[PDB]
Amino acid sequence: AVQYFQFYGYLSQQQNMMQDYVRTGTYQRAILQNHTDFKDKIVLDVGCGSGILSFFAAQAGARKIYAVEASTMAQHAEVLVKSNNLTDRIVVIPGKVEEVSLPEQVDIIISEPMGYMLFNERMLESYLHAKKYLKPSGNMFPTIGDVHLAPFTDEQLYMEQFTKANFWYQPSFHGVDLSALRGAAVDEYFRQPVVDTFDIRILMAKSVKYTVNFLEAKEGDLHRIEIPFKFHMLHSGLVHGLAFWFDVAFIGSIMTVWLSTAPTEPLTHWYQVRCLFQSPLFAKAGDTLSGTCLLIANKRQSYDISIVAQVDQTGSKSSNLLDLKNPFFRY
């Protein structure tokens, strides 16, 4: 937890995030095409970092913006507020949104709480917690989140996991036989979600959607997330795992603006995420691939991912337990 706020304390991290053109431009467009929703309103900016969303709120005419930031990035936001001549309008409050005091309720909460697969980092729990400060007529920006799942075929990725583990086949590494660890090494590679982009041609079925409505949802809804799926296979081949991406919608008065990290859309720094099965499933076009993705929040600010899939027509089944805290960055 002291490791999490240190890492977000670095101007190099804020720079890397601000250089995501889709992320920065989409938030500006969401807030400013919906400027009447901000005009003379009160705004809470949760995990504000450098404060850019507070500035966007100010561009839209907000009367008062409370910018809450738990890391030492708070003192840098304060410097930009003074230097952009907005001390009367933007108030930086150093601390966790759970532990700080605001003097008044707000019309609108803005935030960027999305991790890889949306739920990673569980700053979503802090976004929902912040609703205690929201007037009952109030909005949230973003408003809803959709996670997309789809089965994929990628024998290169699958085989790459075996190739990495084949170091451990050496029967004489300096007179030591490593081979009894090859299986454990394979296992550990397969437990890593793969973060990179891929061509949509590798998807074998249309995605299924799981929606979180941030206006209605509560902190506890996210300890255990259950995503049942029935896929109508559009292609015949080995299914090597499930691909994940997410969309969030900023639902204003004037306009609904979407931020999409789909593989059909321009690349973002969220990329997309793939979880391999231990063992691939053969499916023909016309078969159904059914099962559950389960996300269980662990006391390490992340999620255990359980995936179970079965081809209904053959009963060929495959699973994996993956660890969203040890991603493999293949990009």
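From 1 onward, residues are counted along the sequence shown.
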query: Segment of higher mean CA temperature factor, 134 to 142 or 242 to 250; finding: 134 to 142
query: Between the two ranges 145 to 153 and 123 to 131, the one averaging a larger CA B factor in the entry; finding: 123 to 131
query: Which of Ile305, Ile31, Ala262, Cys48 ranks first by CA B-factor in the deposited coordinates; finding: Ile305
query: Per the PDB entry, maximal CA B factor within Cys275, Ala58, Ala297, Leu267; finding: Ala297
query: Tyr169 CA temperature factor, ranked by third within the chain; finding: highest
query: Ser71 CA temperature factor, ranked by third within the chain; finding: middle
query: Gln301 by Cα B-factor - lowest, middle or highest third of the modelled chain; finding: highest
query: Lowest, middle or highest third - CA B-factor, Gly237; finding: lowest
query: Chain thirds of CA B-factor: placement of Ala217; finding: highest
